[PDB]
Asker: 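The structure that follows is given in the form of structure tokens.
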Amino acid sequence: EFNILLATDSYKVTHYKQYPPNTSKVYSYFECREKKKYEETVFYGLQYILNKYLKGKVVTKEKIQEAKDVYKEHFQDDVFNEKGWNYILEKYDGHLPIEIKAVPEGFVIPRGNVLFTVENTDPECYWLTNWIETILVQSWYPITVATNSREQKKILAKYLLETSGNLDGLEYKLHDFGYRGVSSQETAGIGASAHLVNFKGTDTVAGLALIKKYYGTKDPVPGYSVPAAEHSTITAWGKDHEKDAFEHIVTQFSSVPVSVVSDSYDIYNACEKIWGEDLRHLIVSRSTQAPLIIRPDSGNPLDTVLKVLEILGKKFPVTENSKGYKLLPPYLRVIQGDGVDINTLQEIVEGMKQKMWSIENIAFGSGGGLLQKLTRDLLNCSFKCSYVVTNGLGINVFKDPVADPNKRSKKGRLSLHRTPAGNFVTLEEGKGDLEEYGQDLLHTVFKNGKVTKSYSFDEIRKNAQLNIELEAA
Amino acid sequence: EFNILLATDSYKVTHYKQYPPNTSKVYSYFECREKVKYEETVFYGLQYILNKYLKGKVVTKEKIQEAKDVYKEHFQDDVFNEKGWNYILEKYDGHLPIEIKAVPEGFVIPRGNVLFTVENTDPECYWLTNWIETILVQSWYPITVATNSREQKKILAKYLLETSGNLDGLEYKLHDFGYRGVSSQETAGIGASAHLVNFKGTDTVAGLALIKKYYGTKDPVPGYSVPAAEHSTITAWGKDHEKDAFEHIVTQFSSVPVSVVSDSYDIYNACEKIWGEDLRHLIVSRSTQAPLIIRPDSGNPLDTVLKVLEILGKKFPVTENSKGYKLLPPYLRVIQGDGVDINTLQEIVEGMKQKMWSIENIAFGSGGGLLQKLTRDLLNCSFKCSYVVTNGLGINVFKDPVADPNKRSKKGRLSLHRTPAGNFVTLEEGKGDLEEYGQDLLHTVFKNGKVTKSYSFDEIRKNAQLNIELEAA
Ligand SMILES: O=C(NCc1ccc(S(=O)(=O)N2CCCCC2)cc1)c1cc2cnccc2[nH]1
Ligand SMILES: O=C(NCc1ccc(S(=O)(=O)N2CCCCC2)cc1)c1cc2cnccc2[nH]1
């Protein structure tokens, strides 16, 4: 079972001996620190952590003894605030005397703004605020996945709008292929759920249960997929029988969309000769609601996409849409799901545009790029103490390393506000109390072991919409 | 609760319908595909997956119903293999009729070798082999962390031996700071455990319980830490009281090692004037078993380390070791734990060597670089079907994409062997059966719901030792 006493960086076990004597309050905050582009971030994932790890009775006698036993060996020394933890157990029935205030989930906030704050609600538990730094800072991950996914949606929206005149199907244009490529089952669920803030297509099934448990949707599920082959279901037929494999598969899934990986041996041959000649009669008969989606999976992504489209455009009836861009017939589409990240996605859609191919023709699958190739440095997600009370006096505290002004942290009690022009500003040094800037946008989401404010996945999705979506009404 | 029926890529739900009719066996394998660094990989982490997720009764009536309900909404259609999963439940009491063979954990194997194989043991369950691809492929993560950690150990060993003449303390020279910088709690434990294959220093407490539960050590714990400050325990004292914080902290931890982050405002001032003058008397009085470890945490890593050492070298009594390199007194050391990855580690130790500073003086901490900034592409960890039986005939199968020969997969039944020169070779097409290369070095580790062979963490560490450690001993 999970033990919050064992869920911190080892050194934090020793910090209760290090703060100034007579310190009754430690107040800390999280931001995606500005760096002298990901100019705005989607705030998402805290509610998962609050419910899974922080709420309710998280301290027990057994957990205290377990931590004591572990740390004695880990440090080869007895340092461990058994008294402090036993206080929480006795006084609060093991509930954390912590208050967390946060911007609503799904909110899109520029870099360098307070996103949430943490403070102890009992003077005895001054040490607890930063104990939980480690677990709270892991919110960097769903924030970063959601943010990077949204930035890809902006790119897709721009090019889909330009090449087609509308945004139909935008929410299915970037599909999560990342289940195998992340570091754990837990990561899979978290990361997949973050992608679903922006899109509705996923193969990372773990995301669905997480959303159902911690967030909730009006719809039965938040994400969808369709049948598709993998290399094993093609290659199992034998090298000389790729055509047999293709035929069997599209016939099995004749009335739903089906994607078939086509590069097992020679993608160009498969497109031109197998799909474009031998099995063409099985493709041109398909419903618009049940297209064949051809999947290349190797070679230079842009070069391969363009050559696949050129091949298909010569074997199937291509139209020109009202924007002047080429469009495959509705029973035929392409998905590129190899080597896709935010940079290559941009390269591919731009290359398609240059060659007059509509983005209507293609969807993207992304695995490691979407869910694994991200770090806490991308948005500089960081937790710092900004205010303490010692001997009954509040003092504004911060770091400001001489050799790196980018690591300077904020001072004092913080609040987040709308500016007169409708932007965001973080007020420092308790200046929000002056009330010159309207209401603090941070809301209490956790207090004394209870989750006090929750958001549905539908609300989060609404908050995270693109402007271009808002503009398209 | 975890449900293996919901722990696969969505499209795999539909694959049972796509294999050739009358297929009785699907046989697949995992390798770190060859493409130059990372020439050899540490095989580690499969045992965790087998025990946590694959063994025992993993199918229940309730789990089948849950999957059925989820997939009906997810696909907007009924495509789920209820019958196939029910068969496993009825016939094998929900134990997976799968056999997995693997190289021993901790083994160091060159790229492009078979590391494990998977096949079904019941003809009805031909579809099961690749169902579990997704969860098995996640072994890429502990393999990659362990491998990259070991590659850093090689660098540290080279430079420690060169500058000091021995490898004393090598196993404490790279400390895991990655807990806050990984994507989940589960990942933290897995990744920390993989680092501990090579080193004994960690702050990622999650790794300890994982090792104890799934692997085991003779020692009470597999990893260790010491007391240390963070910026909040310095800055809380107020900007004008950095000296007071430092004094309090080293006095609280007067008889054990203690690390104190020294860059909150001015690292160079802290080293030269606070440590080197005002508090010098509290440092030179300390035991060799209880050094102060000064932690810079900002600026260019190499430049900052060099400047820190030059400062300390003028304030404290430096010696010259038997190799001619400069050595701080034993009560004083440095740890650089900002911006450290395998590349910057190399740059720092090389820069120190050029300036005649012993590697004895320094240790490194690494967080995101150690545990998060890694993907499945680094070692090309990949799972592929290589053999099938259909209509009673075995067929050697593979992919070989025309535009990427690096993605060609192996053909047929595989086995791992020692060559006459004592190296590893992977034999394809069942050629292991010819017995020209001795016995297969893979061991059956899982069969029909049971783990059949396992390794303690102590054995894994032994298997993963560096040659230079083996030669030294
Ligand atoms: O093909 C796969 N999944 C199915 C899939 C096919 C096509 C689309 S689509 O976006 O073209 N589309 C969505 C709206 C309905 C029209 C088709 C989305 C999803 C798949 C490949 C892969 C590789 N690695 C890991 C996991 C994987 N799953
Ligand atoms: O200081 C920290 N931990 C304690 C620590 C200090 C020094 C060493 S050491 O290797 O120098 N050493 C071990 C052999 C005995 C002599 C000292 C190892 C461990 C710490 C910083 C940090 C930042 N981010 C996240 C987590 C973190 N923990």
Side-chain angles (χ1 to χ4, degrees), chain A residues 8-14 75-76 133-134 137 169 171-181 199-205 223-231 256-261 289-295 297 333-338 340 361-368, chain B residues 8-15 75-76 133-134 137 169 171-181 199-205 223-231 256-261 288-295 297 333-338 340 361-368:
Chain A
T8 194
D9 293 299
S10 305
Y11 70 153
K12 290 172 168 290
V13 177
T14 73
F75 286 107
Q76 297 289 292
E133 170 174 8
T134 315
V137 163
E171 68 275 18
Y172 291 97
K173 290 288 186 190
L174 182 59
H175 199 91
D176 175 353
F177 282 1
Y179 206 167
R180 78 192 60 175
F199 292 92
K200 292 194 170 182
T202 190
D203 267 40
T204 301
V205 179
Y224 301 95
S225 198
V226 302
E230 64 178 30
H231 291 97
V256 296
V258 63
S259 177
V260 184
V261 71
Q289 288 70 50
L292 167 66
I293 305 103
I294 290 175
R295 177 161 67 106
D297 192 51
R333 292 290 186 263
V334 176
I335 182 163
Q336 168 70 26
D338 179 55
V340 182
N361 294 296
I362 192 156
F364 297 89
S366 185
Chain B
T8 190
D9 290 303
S10 302
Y11 70 154
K12 287 169 175 290
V13 175
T14 73
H15 291 171
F75 287 102
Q76 292 290 285
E133 166 176 8
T134 316
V137 163
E171 55 288 336
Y172 291 97
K173 288 293 187 185
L174 185 56
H175 199 91
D176 175 354
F177 285 179
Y179 205 167
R180 76 193 60 177
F199 291 93
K200 288 190 181 195
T202 188
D203 269 41
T204 304
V205 174
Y224 301 95
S225 195
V226 303
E230 67 177 28
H231 291 97
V256 300
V258 64
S259 175
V260 181
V261 68
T288 296
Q289 288 67 52
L292 169 68
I293 304 104
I294 290 173
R295 179 154 70 98
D297 192 49
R333 292 293 183 257
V334 175
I335 182 168
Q336 168 71 25
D338 174 64
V340 176
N361 289 298
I362 195 165
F364 297 89
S366 185

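Chain naming here is simple, since letters A, B, ... match the order of the sequence lines and numbering starts at 1 in each. Every number for a ligand or one of its atoms is a count from 1 in the order of the listing.
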Asker: To the nearest 0.5 Å, what is the distance between CG (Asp9(A)) and CZ (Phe177(B))?
Answerer: 9.0 Å
Asker: I need the contact type for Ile293(A) against ligand 1. Using non-hydrogen atoms and a strict under-4.0 Å cut-off, is it side chain, backbone, both or neither?
Answerer: side chain
Asker: Check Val340(A), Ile293(A), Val261(A) against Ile335(A) for a side chain to side chain contact (heavy atoms under 4.5 Å, CB included) and give me the one that passes.
Answerer: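 Single pass found, and it is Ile293(A).
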Asker: To the nearest 0.5 Å, what is the distance between OG (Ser225(A)) and CZ (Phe75(B))?
Answerer: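 Here the rounded value is 5.0 Å.
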Asker: As a check for students: among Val137(B), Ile294(A), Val226(A), identify the option with a heavy atom nearest to atom 5 (C) of ligand 1.
Answerer: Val226(A)
Asker: Tell me, please: is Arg295(A) in heavy-atom contact with ligand 1, that is, under 4.0 Å?
Answerer: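 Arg295(A) counts as a contact of ligand 1 under the 4.0 Å cut-off.
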Asker: Less than 4.0 Å from atom 24 (N) of ligand 1, is there any heavy atom belonging to the protein?
Answerer: yes
Asker: For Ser225(A) and ligand 1, answer yes if some heavy atom of the residue is under 4.0 Å from a ligand atom, otherwise no.
Answerer: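 Checking ligand 1 against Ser225(A), which is what was asked, there is a heavy-atom contact under 4.0 Å.
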Asker: Below the 3.5 angstrom mark, is there an N/O of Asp203(A), backbone or side chain, next to an N/O of ligand 1?
Answerer: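 For ligand 1, there is an N or O atom that lies under 3.5 Å from one belonging to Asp203(A).
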Asker: Hey, is atom 10 (O) of ligand 2 under 4.0 Å from any protein heavy atom?
Answerer: yes
Asker: Can you tell which part of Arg180(B) has a heavy atom less than 4.0 Å from ligand 2: side chain, backbone, both or neither?
Answerer: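 Answer for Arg180(B): side chain.
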Asker: Would you say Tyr224(B) and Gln76(A) make side-chain contact, with heavy atoms under 4.5 Å?
Answerer: yes
Asker: Starting at OG of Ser259(A), measure out to CD of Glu230(A) and round the result to the nearest 0.5 Å.
Answerer: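 Between atom OG of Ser259(A) and atom CD of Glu230(A) there are 12.0 Å.
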Asker: Under 4.0 Å from any heavy atom of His175(B), which atoms of ligand 2 are there?
Answerer: 18 (C), 19 (C)
Asker: Have a look at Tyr224(B), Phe364(B), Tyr172(B), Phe177(B) and point out the one with the heavy atom closest to atom 13 (C) of ligand 2.
Answerer: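 Of the listed residues, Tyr172(B) has the closest heavy atom.
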Asker: Would you call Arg333(A) and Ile362(A) a side-chain contact if the rule is heavy atoms closer than 4.5 Å?
Answerer: no
Asker: Among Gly181(B), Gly169(B), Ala228(B), which one puts a heavy atom closest to atom 1 (O) of ligand 2?
Answerer: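 Result: the heavy atom closest to atom 1 (O) of ligand 2 is in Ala228(B).
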Asker: Ligand 2 versus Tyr11(A), non-hydrogen atoms closer than 4.0 Å: side chain, backbone, both, neither?
Answerer: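 The part of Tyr11(A) near ligand 2 is the side chain, not the backbone.
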Asker: Can you tell if the side chain of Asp203(B) reaches within under 4.5 Å of the side chain of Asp176(B), non-hydrogen atoms only?
Answerer: no
Asker: Heavy atoms, side chains only, cut-off 4.5 Å: are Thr202(A) and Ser10(B) in contact?
Answerer: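 No. Closest side-chain heavy atoms not under 4.5 Å.
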Asker: Which residue supplies the protein heavy atom nearest to atom 8 (C) of ligand 1, what is that atom called, and how far is it?
Answerer: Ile335(A) CD1, 3.8 Å
Asker: Check each heavy atom of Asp9(A) against ligand 2 and say whether those closer than 4.0 Å belong to the side chain, the backbone, both or neither.
Answerer: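 Near ligand 2, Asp9(A) shows its side chain, while the N, CA, C and O stay back.
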Asker: Among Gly178(A), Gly201(A), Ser259(A), which residue places a heavy atom closest to atom 6 (C) of ligand 1?
Answerer: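 It is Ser259(A) that holds the nearest heavy atom.
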Asker: Do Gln336(A) and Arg295(A) have side chains that approach each other closer than 4.5 Å (heavy atoms only, starting at C-beta)?
Answerer: no
Asker: Check if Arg333(A) has a non-hydrogen atom at a distance under 4.0 Å from any atom of ligand 1.
Answerer: no
Asker: Side-chain contact test, heavy atoms from C-beta onward, threshold under 4.5 Å: evaluate it for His175(A) versus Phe364(A) and give yes or no.
Answerer: no
